[PDB]
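Before any questions on how it binds or moves, here is one chain, the form solved without the named molecule, in structure tokens.
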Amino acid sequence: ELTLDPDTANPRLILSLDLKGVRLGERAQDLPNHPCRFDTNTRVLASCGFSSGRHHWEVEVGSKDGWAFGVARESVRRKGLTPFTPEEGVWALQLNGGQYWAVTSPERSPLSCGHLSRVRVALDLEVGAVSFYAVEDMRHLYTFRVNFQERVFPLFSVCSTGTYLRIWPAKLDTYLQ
């Protein structure tokens, strides 16, 4: 099953022991600053990435602000403060200011989807799409159509305390998403 990759994790994140969950901690861990580790934005990738076929997983989401999740192209920049945008190869939903957003470009799109508890992510590297559904009725939340040109990885970001993400088998915090 999909697990979070601790070698990629921003050192301020805390991963659960089973490597399925992530939240933001209060202090940075002293970790090796390896090239695939996010050193500024509060991100972690799954350890498995995909280059063909259709794949899905589910993400339990906290009720409070601070998270964004979806997929990232493998070449997503790890070093320095980077934008959290489709142009940087991030295709994600976000909970911020009590609103759900698809993190679209040039600006985010607010989603009138009601309350979210668990979200199924469907990644299709054949058609070229990543889609999000609320699991309880599979209502559609957002689809990014993307001509993916490299491997694509499950992506998770938690930039404030009080929230979390779990896999199911800087003026403002969000500037570090």
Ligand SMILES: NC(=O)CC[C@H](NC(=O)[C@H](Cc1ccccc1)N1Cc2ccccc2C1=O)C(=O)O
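The first residue of the shown sequence is 1; numbering continues from there.
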{"item": "Deposited but uncoordinated residues in the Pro169/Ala170 interval", "value": "4 to 9"}
{"item": "Mean C-alpha temperature factor, higher of 23 to 31 and 140 to 148", "value": "23 to 31"}
{"item": "10 to 18 versus 150 to 158 - greater average Cα B-factor per the deposited record", "value": "10 to 18"}
{"item": "Highest recorded Cα temperature factor - choice among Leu123, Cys36, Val61, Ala68", "value": "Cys36"}
{"item": "Most elevated Cα B-factor in the entry, residues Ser109, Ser117, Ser131, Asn41", "value": "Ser117"}
{"item": "Third of the chain, ranked by Cα B-factor, where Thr174 sits", "value": "middle"}
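There is another form of this protein, the form solved in complex with the named molecule, and it is not shown here; the text below is about that form.
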| item | value |
| --- | --- |
| Binding-site state, shown form vs the named molecule in the deposited bound form, superposed, 3 or more atoms under 2.4 Å of backbone or C-beta | blocked |
| In the deposited bound form, segment of 136 to 144, 41 to 49, 112 to 120, 56 to 64 with a heavy atom within 4.5 Å of the named molecule | 41 to 49 |
| Contact at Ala68, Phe84 and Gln94 by the named molecule in the deposited bound form, all three, heavy atom at most 4.5 Å | yes |
| Any non-hydrogen atom of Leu24 within 4.5 angstroms of the named molecule in the deposited bound form | yes |
| Touches the named molecule in the deposited bound form: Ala9 (any heavy atom, 4.5 Å) | no |
| Touches the named molecule in the deposited bound form: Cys159 (any heavy atom, 4.5 Å) | yes |
| Heavy atom contacts to the named molecule in the deposited bound form at 4.5 Å, residues of 123 to 155 in sequence order | none |
